[PDB]
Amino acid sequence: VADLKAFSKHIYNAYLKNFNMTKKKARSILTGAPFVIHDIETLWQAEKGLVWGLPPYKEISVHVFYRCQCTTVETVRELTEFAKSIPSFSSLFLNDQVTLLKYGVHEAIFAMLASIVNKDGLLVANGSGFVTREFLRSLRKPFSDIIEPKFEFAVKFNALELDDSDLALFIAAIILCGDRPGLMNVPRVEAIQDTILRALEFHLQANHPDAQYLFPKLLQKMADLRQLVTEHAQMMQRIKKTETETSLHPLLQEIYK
């Protein structure tokens, strides 16, 4: 029990050192000024300077998809650094590390997106912008449809009221996932993931003494996130298929390969 506490603490310190944006900072921004991007005009103002090199200009729905890609890429690089500070992650085979990152980053990105989202939209640009969910729904298919299911997931996730300390362990559990295809040392990964999930159960009784069923609720969100990413990867295949003049960042190319 005492090793699990200190393992949780190590994981929470890796999280605080590696993510630019915590849930604690995001909620203080969201509740109080970010500049509101809610239409074409405000988006252009935001690009001039009140908020912020993306493959040469074309049309709003595609410009937005490109900003999503720039953000997602930056969060992969934070996740990669976070994982390297997860105790035994850096002593796994190099190919296992890359495999865990390749198949887990999206699950982690859509878990952590909740932190910066409310029912009305989300923070961008390290909290200096706020893009409304109504504006993102206004984009043309297939861009609007690849966006809205994440808000639907996030708002439900937020009703669980996790804090940073809980998320560090939850995101650690997503990444150290013994089920990813092509792993070399499965029992080792499985063992690390079971340590995290034991530490997570113990940390939840401590931090959320009156919640009920919070731990199995979280195992289910991990399942939901897998389904969310399977659906996302299908939509991304459809974009790559039907939107030929839209490119994808090479780091994301490798991931979806």
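We call the rigid core the largest set of C-alpha positions that still match within 1.5 Å between the two forms. Residue numbers here begin at 1 and follow the sequence given.
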query	finding
Core-fitted comparison in 7 other deposited structures of this protein, 193-201 vs 42-50, farther C-alphas	42-50
Higher C-alpha RMS shift from the shown form in 7 other deposited structures of this protein - 85-93 or 146-154, rigid core fit	85-93
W44-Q45 interval: deposited residues absent from the model	none
Missing residues, deposited sequence, between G32 and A33 (class: none, 1 to 3, 4 to 9, 10 or more)	4 to 9
Mean Cα B-factor comparison, 80-88 or 111-119, giving the higher one as deposited	80-88
Between 226-234 and 60-68 (mean CA B-factor, as deposited), the higher	60-68
Candidate residues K150, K102, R140, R133, the one whose C-alpha B factor the record puts highest	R140
Most elevated Cα B-factor in the entry, residues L197, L219, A26, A211	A211
Third assignment of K17 from its chain's C-alpha B-factors	middle
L160 CA temperature factor, ranked by third within the chain	middle
Assigned third (lowest, middle, highest) for the C-alpha B factor of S128	highest
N95 by Cα B-factor - lowest, middle or highest third of the modelled chain	middle
Third of the chain, ranked by Cα B-factor, where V186 sits	highest
